[PDB]
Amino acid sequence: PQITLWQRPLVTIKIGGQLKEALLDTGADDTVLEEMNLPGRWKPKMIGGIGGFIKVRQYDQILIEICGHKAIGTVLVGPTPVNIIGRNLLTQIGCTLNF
């Protein structure tokens, strides 16, 4: 699809068999979701935002469907203001910016 930016680019994602709403964010290097349960082991990660840095949990090789497109990659979990899909997964779904 082609998504204009007059409104926030919010889409439905599916992770762990559940639907969630998430923002397609070209300004984010990584994908960070609000507190949730994910399988396996996690590693520590610090991510920097507009207000400073936060600690998150890094889970690797996680299945996630974004706007119907399947991806398998790194998902961070922590106190983000909104669920964010970052460039690590936008590249998997073949997303580009165009003007």
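Just count from 1 along the sequence shown to find any residue number.
The mean C-alpha temperature factor is higher for 37 to 45 when 23 to 31 and 37 to 45 are set side by side. In this entry, the higher average B-factor at the C-alpha atoms falls on 47 to 55, of the pair 47 to 55 and 60 to 68. In the PDB entry, a CA B factor belonging to the middle third of its chain's modelled residues is recorded for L97. In the deposited entry, the Cα temperature factor of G86 places it in the lowest third of its chain's modelled residues.
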